[PDB]
């Protein structure tokens, strides 16, 4: 009976744990936090990620209570510039905790051993995981899913391309306030861009009949637009049609202005150690594939470990097989971000939807564009 130690309780670690447990592995997941939770307010999942949920036996709990907008619409200075539906390509919007809970309940129903207040501080390719307390654990597989700043990764030393975004955003969950919004298509995802009179953007994303996921984006150099709690006035001014929701968002005293970083490594494996999720490939959010690829990769890792080969060879086989999809997605998303391509609309092209089109279960590309 094989034993795996997963460091990190995020979407990647939870995905890895569940997939491994389903294949007969004895698995223990380590979460440094005192409780299992997810941050970031809301999240978009596509066909590729939805398929992972199916393979994990956690799709039903996710679909129930999540939302698929009639269309993905883009605005530039309040003028609708595009409405995209991706030719039937499945996608979904939900609060992060809704997705996190589905994964945690499944992990528990499976008998995955989850340890809170357990922080991994080092990993040995020979198959050993060291915790912050000094306690050393041995296993046949060590999974580094501890996000950006991954101690598992840095304890081993990987060649890393790092970049940090100077600009960030404020992500919040507020009431739909649908009736107060009056006439409109308020069930759609609406990416509201603006460069004049100021650079302010709001990604409007309904999660269900009760919750709305908002992303208020302004330059870090904007003292008003980047402030938290939100400077109500500055947002209502350029997004008056959302005052009802903005008024509610202004009451959230814990809102935060988050920046992000991207990560590209020369490799994702070392001996019996495999890096997954942000720890291995954090990317720009343009294509909304950060978690999608993380879940695909974590799930794919379990598949390669079912070939009858050594864990070491399975890991290199895993990277070689699945990595290209993430590299291209990460590269394209970076290009979109730098050129602000999404502001033009109709940018979810076949190339952009490549990762989303991938079906990890059958290991083929579906929903052609």
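Residue numbers count along the first chain shown, from 1.
Quiz item: Higher mean Cα B-factor in the deposited model: 175 to 183 or 71 to 79?
Solution: That would be 175 to 183.
Quiz item: Which has the higher mean CA temperature factor in the PDB entry, 351 to 359 or 19 to 27?
Solution: That would be 19 to 27.
Exercise. Please work out which residue in 155, 87, 200, 130 has the highest C-alpha B-factor recorded for this crystal structure.
Key: It is 130.
Exercise. Sort 144, 271, 215, 111 by C-alpha B-factor from the entry and give me just the highest.
Key: Of the candidates given, the C-alpha B-factor peaks at 111.
Practice problem: Just say lowest, middle or highest third for the CA B-factor of residue 323 relative to the other modelled residues in its chain. | Solution: Its C-alpha B-factor, which the entry lists for residue 323, ranks in the middle third among residues of this chain.
Practice problem: Could you say whether, by C-alpha temperature factor, residue 51 belongs to the lowest, middle or highest third of its chain? | Solution: Lowest third.
Exercise. Comparing against every modelled residue in the chain, figure out the third that the C-alpha B-factor of residue 191 lands in (lowest, middle or highest).
Key: Lowest third, going by the recorded CA B-factors of the chain.
Exercise. Pull the Cα B-factor of residue 99 out of the PDB entry and bin it into the chain's lowest, middle or highest third.
Key: Its C-alpha B-factor belongs to the lowest third of this chain's values.
Self-check item: For residue 282, the third of its chain into which the C-alpha B factor falls
Solution: It belongs to the lowest third of the chain when residues are ordered by C-alpha B-factor.
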